[PDB]
Every structure is written in C-alpha cells, then in structure tokens.
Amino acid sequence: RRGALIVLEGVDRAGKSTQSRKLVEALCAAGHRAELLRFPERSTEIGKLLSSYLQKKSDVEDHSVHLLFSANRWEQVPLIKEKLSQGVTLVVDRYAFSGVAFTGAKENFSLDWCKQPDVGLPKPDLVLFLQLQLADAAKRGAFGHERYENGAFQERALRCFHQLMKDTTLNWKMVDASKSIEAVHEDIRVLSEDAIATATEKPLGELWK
C-alpha cells in the first residue's frame, strides 16, 4: 500500500514549516509511517548554492537559479519514489508550485516556461494551500533578510499561486492559515488522513503531464 505525497504551499510566513512538522508528528502518533521533506533541500551541493543565493551571499542569473531549484527537486525523486512505494507518507514543505510562483513573480518569466523543468515530477496526492492575508503574514513578527522577503514581490507570487490553482488535475485544498497553530493543524490533519486513505488507491501520478 503506497504512502501519500502531501505538499504544503503558501506565501512566506503562512505557517508551512510549523504545520509540516506538526503533521508528521501527528501522523506518526496515529500509527502512520510518515516523514518530512522540504524544498529547497539545502544539504546537497545544489541546495548549498541555493542557500547562498537566498541569503544574498551570492548572485545567480534568474533563469539559472530557477533551474537549480527544480534540479534540487529532481535529485530527491529516487528517494521520494522509494519511500512512497514502501508505504511511507511524505509531507513536503514547499514544492514545484513555490518554484513557479517565485520565478513567475519576476518580470518576463511566463508561467509556461517556469513550469517546464518540473513537468514529470512525482504528482502530489494533496496540495494544501495555507491562505493568509499578506498583512496578517507580516503581523507575524517581521520580515527576515532573505531574498524575496518584501511585500510587492510576495503579492506577485500570490497572484501566480492563484493561477496554478486553476489546474484541476491537482487536488488543491485551501486552508485558513489565519487561525491558531492548533486549529490550523487540526484542519490539515483531517484533510491529510483522508488523502492517505483514499487518494492513494491510484498509482503515483506525474506532475503537469
């Protein structure tokens, strides 16, 4: 019985990392085999270049960094397929949607061109989108010093996210991320239990293909 591939997406500070950690903990406490993955995955050679870029320790041409983000997902595909075939559910903090939304937010980058590198990746069985007002997300303390952490850019990324949601080949679920950590968690948990059960009766699909 394969595991489910569940992705958490949203703008910066929507609660993705807190909710991904809490989900894996709750699923394992409920007897599921579940593990956490995140993108970018900074531990690889590619991920190190991406971390340096995000921290502005380095500058990378926009097309080149978009491709490195996608390559960073493909390098984990063998692992992802192996885990899911063993019955392990994978909870993923950001995936190809973030890749398209962030580059697509820059001038002169079509959503079409941004999607291509990720075409064929393992298709998530469930894509949770943690919806929150950009304003309420900024009330969450304050902006960090990483690339893209500014209001204007976040608003353009959000717009791109909404375009990808029109894709009904994907099981998108909206989450009200403005609620308490525990309330948001319970919403996410119940959606996730359903996917693990029922979304997996079919073979793992291929994204945007």
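Each residue number is its position in the shown sequence, starting from 1. For clarity, a rigid core is taken as the largest C-alpha set superposing within 1.5 Å between two forms.
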(message) For a rigid core alignment of each structure in 6 other deposited structures of this protein onto the shown form, which stretch has the higher root mean square Cα deviation: 168-176 or 139-147?
(response) 139-147
(message) Do the Cα atoms of 129-137 or of 79-87 sit farther, on average, from the shown structure in 6 other deposited structures of this protein when the rigid core is superposed?
(response) 129-137
(request) Mind pulling up the entry and telling me whether 50-58 or 157-165 has the higher mean Cα temperature factor? (result) 50-58
(request) Taking the mean of the C-alpha B-factors per stretch from the entry, tell me the winner out of 190-198 and 20-28. (result) 190-198
(message) By the CA temperature factor listed in this entry, which of these ranks top: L68, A183, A142, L37?
(response) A142
(message) Sorting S98, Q76, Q133, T89 by Cα temperature factor from the record, which one lands on top?
(response) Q133
(request) Tell me, lowest, middle or highest third: where does the Cα B factor of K115 rank within its chain? (result) lowest
(request) Within this chain's modelled residues, let me know which third the CA B factor of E107 belongs to: lowest, middle or highest. (result) highest
(request) Consider only the C-alpha atoms of the modelled residues in this chain, order them by B-factor as the entry records it, and name the third containing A138: lowest, middle or highest. (result) highest
